[PDB]
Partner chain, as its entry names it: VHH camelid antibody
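We begin with a single chain expressed as structure tokens, specifically the form deposited without its partner chain.
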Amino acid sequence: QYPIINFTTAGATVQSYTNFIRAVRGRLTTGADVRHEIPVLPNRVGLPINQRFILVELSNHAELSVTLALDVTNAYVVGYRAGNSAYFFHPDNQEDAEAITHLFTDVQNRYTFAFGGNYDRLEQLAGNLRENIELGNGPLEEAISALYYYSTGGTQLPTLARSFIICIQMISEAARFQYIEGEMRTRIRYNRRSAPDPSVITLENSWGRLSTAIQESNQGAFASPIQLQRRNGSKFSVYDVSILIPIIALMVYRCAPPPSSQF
């Protein structure tokens, strides 16, 4: 019974996309854990299998549909279903391998890719880095068709990998970061695709570090500042959770919240 959120690229607007992302964050977080105003994803440790995934059903103007499975612990796209086939990225560990057996349980054809689903591996397969892959509603429309045609040989591996790269950033990264959701809003509003700039790429690559820096901070102050990049590629130093409240929407669980040492 995993929850399903629907989005279509057909006639998508800033509003329909914002409703989608808000719904996905609503199914990822439980309200149990908020630190400095920033929600934390459920802890993997002890999380029951019936609560472990959400499903995102994507449809497009071509009238096709694919369903992505996201792990609630990290918002990671672990696989997808297109009609009678499902495809999963190579799991990180035995427990995740058992977990994905609980997805798409009726599907006639189940495959586990031999490669993992991280950006570095997908960029190698795609023959292109994130910085050279355009995002927006047109890329997402195209990516939905490409995932849908995989099983029949119509979609080549490099184009499947590029299509995952588009879906992950427009769904998981946008759920993780209001900043990235706003970057996608822009592209959808003007119907103008464009590759992510260094502000988007540095936020993506730093999500885990920022999650840990916030959770281990002293009252919000980082022991070690983290360097991000602005749009023009110039350095932006982060010393404190405060400047990230408009930027990061949710964190991956990294440590227990200390007992509130209150004055």
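Residue numbers count along the first chain shown, from 1. Superpose the two forms; the largest set of C-alphas matching within 1.5 Å is the rigid core.
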| query | finding |
| --- | --- |
| Higher-deviation stretch (C-alpha RMS, rigid core fit) in 7 other deposited structures of this protein, choosing from 28 to 36 and 229 to 237 | 28 to 36 |
| Entry-level comparison of average CA B-factors, 99 to 107 and 156 to 164, reporting the higher stretch | 99 to 107 |
| Residue stretch of maximal mean CA temperature factor, 145 to 153 vs 179 to 187 | 145 to 153 |
| Top residue by Cα temperature factor, when 208, 26, 196, 233 are compared in the entry | 233 |
| Per the PDB entry, maximal CA B factor within 72, 82, 133, 170 | 82 |
| Chain-wide C-alpha B factor ranking for residue 243, given as lowest, middle or highest third | middle |
| Within-chain third of residue 204 by Cα B-factor, per the entry | lowest |
| Ranked against its chain, the third holding the CA B-factor of residue 117 | middle |
| Chain-wide C-alpha B factor ranking for residue 55, given as lowest, middle or highest third | middle |
| Where the record places residue 39 (Cα B-factor, split into thirds across the chain) | middle |
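One more form of this protein, solved in complex with its partner chain, exists but is not displayed; see below.
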item	value
Close approach of residue 81 to its partner chain in the deposited complex, 4.5 Å, heavy atom	no
Residue 229, heavy atom within 4.5 angstroms of its partner chain in the deposited complex	yes
Its partner chain contact in the deposited complex: residue 199, any heavy atom under 4.5 Å	yes
Its partner chain contact in the deposited complex: residue 68, any heavy atom under 4.5 Å	no
Contacts with its partner chain in the deposited complex, stretch 55 to 85 (heavy atom within 4.5 Å)	none
